[PDB]
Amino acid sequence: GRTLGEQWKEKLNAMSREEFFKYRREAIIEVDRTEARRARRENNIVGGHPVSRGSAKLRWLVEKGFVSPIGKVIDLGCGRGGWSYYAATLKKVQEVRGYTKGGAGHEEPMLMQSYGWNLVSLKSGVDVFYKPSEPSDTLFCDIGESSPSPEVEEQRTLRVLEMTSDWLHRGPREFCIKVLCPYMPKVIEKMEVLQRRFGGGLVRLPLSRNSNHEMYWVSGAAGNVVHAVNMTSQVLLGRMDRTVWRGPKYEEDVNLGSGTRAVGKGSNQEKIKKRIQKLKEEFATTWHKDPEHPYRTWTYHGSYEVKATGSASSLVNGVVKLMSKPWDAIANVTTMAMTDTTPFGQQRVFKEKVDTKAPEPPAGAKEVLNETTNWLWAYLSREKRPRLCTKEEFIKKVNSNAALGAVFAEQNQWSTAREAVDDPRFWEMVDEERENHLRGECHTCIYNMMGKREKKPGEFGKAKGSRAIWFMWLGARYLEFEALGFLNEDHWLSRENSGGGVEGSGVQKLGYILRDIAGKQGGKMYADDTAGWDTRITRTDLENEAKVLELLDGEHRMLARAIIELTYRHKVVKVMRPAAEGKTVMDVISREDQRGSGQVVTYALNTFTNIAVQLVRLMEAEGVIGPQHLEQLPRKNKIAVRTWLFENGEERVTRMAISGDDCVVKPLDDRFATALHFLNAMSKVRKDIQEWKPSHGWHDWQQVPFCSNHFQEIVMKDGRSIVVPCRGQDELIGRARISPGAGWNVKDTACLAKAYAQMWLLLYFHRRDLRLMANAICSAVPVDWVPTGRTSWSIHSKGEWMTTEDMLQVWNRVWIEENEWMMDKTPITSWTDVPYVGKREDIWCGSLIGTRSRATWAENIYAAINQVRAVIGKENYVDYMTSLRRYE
């Protein structure tokens, strides 16, 4: 009770609730929050309304010189993001990163479109007390949880000051740090030591309410700490006991405006000029060059107004949910959501993942890739001969529902792909562009880039933004397919031809292939994921892929050359973006590197390059090359590379399983784990691991991740063994619980549930919970109804369950009949003779067996089934529950 603050606190703690809320707002300045709250209600994130009162507080501080935010701003305990968004409106600020705890009983970051929103990056679920410090130019911290006990607040405050000191030690000359309880002795001492070392002073905002004693240690203040605090205490004490409460003085809230901001700094225009010109002309009406466009590594050409496209909804699948009551309690399943594919949705991912420049590899690294890719092209073409693909081939393999991909009104004459390929007028458009290509010109081959609708873990209690996919229109895709599609159609990256690849194989083959690799002598199995593979394909990588041309001649070569040079290298792309005031715009941008996700040969070229990368890593691992060769390759090891490849290559690729950017490799020893110098120089940086930390390997091949699964060997009842795919049961159920959009009627969602159920039966029958849930779903869905919808995006999903045939029959087809690693072709006649994984593995991968929630669920499954049957209604049903032992 010694300090005046302690007297204030004690008097505060003794107030009645009614008086507390009068005193709280007495004589303070308060921003009118009315309009902001209506904005929050009406989902208006483009009107300039700040997410909290925190924007006004920071505004007051900069308008008074107390802090002048600049450069890279770090914001500790950002909450909704109030400070972060205000900083981003400021000219001198170029980057904002917020961190915050989030979760139950804490504020999550809110996603806004305030001016400069593209400079901001908020992160939730972070405990900053144990987050390693990072360099920054401006540092913010608004952490400090109140308490009726000054002693508690004192210790909390100290913990923050102690924490911020680690961050101040790394440069920030600008700062603004909350000091929750400034009047307590140990805090006073800490402030004095900190002020000496880093400067600044303690300030009390007139925007703060009288119910706290918070002060801000800001870099552009100064003064005696003690004096400052006592002056605050006195004001506070003075405002107690009034005869008449006069209330606060009202101010207007800050208006943060809207729209993206330009990034600083940021030219083979010949080969793209026609395309741009044709677009500028077709959309001249509102065409313009936005000075505030957010592109940093893409070159920008212009923008025009368009109607926004995409969705931000996730809806629940009612039938799956009814059959999965125990998972209602699993956060991992219920916080999953469809990704946001609105333009704001994809753009907020675009600025992090796609607008990056992967550096070109250094000269020595190039020379080694050169020899490797020479070797690899030679090896792939040892037996196979390139060829044109035909119109008829295209028409037969085009999905009747492939994207049209119109980029010009002229390309938008058909309502489905099937109609286009059936219309002579389409092929006339193709021919016309074809003849242009033969003359080394390209007029209309242009990508649309948009958000991919995906089922993913949530973010800030809501949906994640979307991954960008891009592809050219049906006509351009035909031309690609004609020139380069032989790679696909004649299976140039099949295992038989590539050694390392796995083209064509369903998931059901993948485990067996991993096992075969395990049988070779060598070290641990590795499986490093490259972060954002397509965005890391360099000019060098493209130049090496371009060596297909040397396998081609005449007309065939010329067509292929146009695809490769005019279409894969000189890419022109159309992407939507949020403009100001709720309107959206189509940007036309370009760049020479990176790989477009929806090129006809993306998988092939990815597989090809990934094999070459692994070959290079193995050479560094086996000693042929090292860091001393990155800047220049000596003639002698340049030759060793050649001979290494020549003598070893064919064996070495058999130690790989390469599916696009997905890789598994069993090197000779474990020097591989530190063979990272070339890997990093080639820009193929590893995902989720410090740049130079060695790679983790596995001893058990059954724990190796490949194409989103790992694989388990299980011995069946009749003594035969199978290798099956296995993965987190939480997400499997999480995804089945999500419907692809709004407005889906009972029958359609029932048919999607039925596809998820049947995919489970065919691939994850060995997971106890799923087999029960699958039979339960199929028992609640009318037998006649036909499975519809996507259950996977993986190229290795072959969809055998998308059928009305009995699932046991198809089980035998893929697991016995067509399974080349199963000698004994003895058919399985009943489900009970189909194995499970060990309960140890089942539980490790999310199973709920042995739990009482599950028990209740299992025992009462029929009630669940009947609930769904009622909703669907009188129809023809069948009970499959009896195919499980416990229901006989």
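One rule holds for the numbers: they count along the sequence shown, beginning at 1.
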Report task. Please figure out whether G266 and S267 are truly consecutive in the deposited sequence or have unmodelled residues between them, and give none, 1 to 3, 4 to 9, or 10 or more. Result -> 1 to 3
Requested in this report: On mean C-alpha B-factor from the PDB entry, just flag whether 644-652 or 155-163 is the higher one.
Outcome: 644-652
**Report entry** Of 830-838 and 850-858, the one with larger mean CA B-factor
**Finding:** 830-838
**Report entry** Which of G345, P627, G461, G200 ranks first by CA B-factor in the deposited coordinates
**Finding:** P627
**Report entry** Selection by C-alpha B-factor (highest) of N210, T584, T100, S381
**Finding:** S381
Query raised in the report: Thinking about Cα B factors across the chain, which third does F486 belong to?
Result: middle
Query - Third of the chain's Cα B-factor distribution that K825 belongs to, per the entry - result: highest
Report task. Name the third of the chain's ranked CA B-factors that contains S68, choosing lowest, middle or highest. Result -> highest
Requested in this report: Could you say whether, by C-alpha temperature factor, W217 belongs to the lowest, middle or highest third of its chain?
Outcome: lowest
Requested in this report: Would you check the entry's CA temperature factor for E419 and let me know if it's in the chain's lowest, middle or highest third?
Outcome: middle
